[PDB]
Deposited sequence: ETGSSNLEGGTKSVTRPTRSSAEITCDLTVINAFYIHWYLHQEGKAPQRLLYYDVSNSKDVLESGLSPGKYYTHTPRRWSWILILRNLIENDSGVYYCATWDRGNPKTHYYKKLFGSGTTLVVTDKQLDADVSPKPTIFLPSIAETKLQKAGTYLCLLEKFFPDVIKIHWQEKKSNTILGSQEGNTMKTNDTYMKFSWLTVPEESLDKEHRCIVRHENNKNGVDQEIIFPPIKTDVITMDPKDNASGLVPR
């Protein structure tokens, strides 16, 4: 449930609570910025429908919305660059305090292209690898995406089992990012088509991308 929310400065942002809570009384909101300690910003009083702000914070900046029963959204007003980071909703017991999946908030005024969705490039196994090792490696390259928050995994065409893939780190390319993932499939499965599934905020229609890797087809050298 690791999402990103990219917004310009001076706008409002909505951050959704990922926890499934039964009989919540207080919903706590935490901010984690890279290199800093996670800290609570406020909590929401479920019974009185009130926000309790940490000392120093301006009223109106944060607001906990309840769109429906036992469902919470943190609304931030007047965004600044320093509002960026990972936001978590939290509660006590299932006593231990438990956290949601967390949302990466990205505040930027950067003038980017209309399409900052990950752009795919497919690589098919080399003839030397399939011949010698009775396995083929498929590589999926994703480029020119923003923000850096992305998830790539692999599946067979008519199967929902997650395959054993590997991945490189996300790398910055000018104002954008790139990432690649690869899958080694045995000879016996080389005749099957494979899917590289990419989850990203800026994908077309907010639905994850399904990149099809065609099956290896036999070729006679005449």
In sequence order, the deposited-sequence ranges that have no modelled C-alpha atom: 1 to 9, 104 to 110, 239 to 251
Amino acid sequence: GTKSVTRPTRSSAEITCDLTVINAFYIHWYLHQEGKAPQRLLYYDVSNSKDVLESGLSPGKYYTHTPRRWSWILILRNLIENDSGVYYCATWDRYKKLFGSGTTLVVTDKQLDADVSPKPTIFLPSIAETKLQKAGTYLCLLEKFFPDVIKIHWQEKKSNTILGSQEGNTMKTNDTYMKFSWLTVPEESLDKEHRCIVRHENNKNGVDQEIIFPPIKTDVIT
From here on, numbers count along this sequence of modelled residues.
Higher-B stretch (mean Cα B-factor, as the entry records it), 25 to 33 or 190 to 198: 190 to 198
Mean C-alpha temperature factor, higher of 109 to 117 and 95 to 103: 109 to 117
Top residue by Cα temperature factor, when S181, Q39, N169, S159 are compared in the entry: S159
Cα B factor band for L132 (lowest, middle or highest third within the chain): highest
Third of the chain's Cα B-factor distribution that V52 belongs to, per the entry: middle
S4 by Cα B-factor - lowest, middle or highest third of the modelled chain: middle
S58 - Cα temperature factor, lowest/middle/highest third of chain: highest
Cα B factor band for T64 (lowest, middle or highest third within the chain): lowest
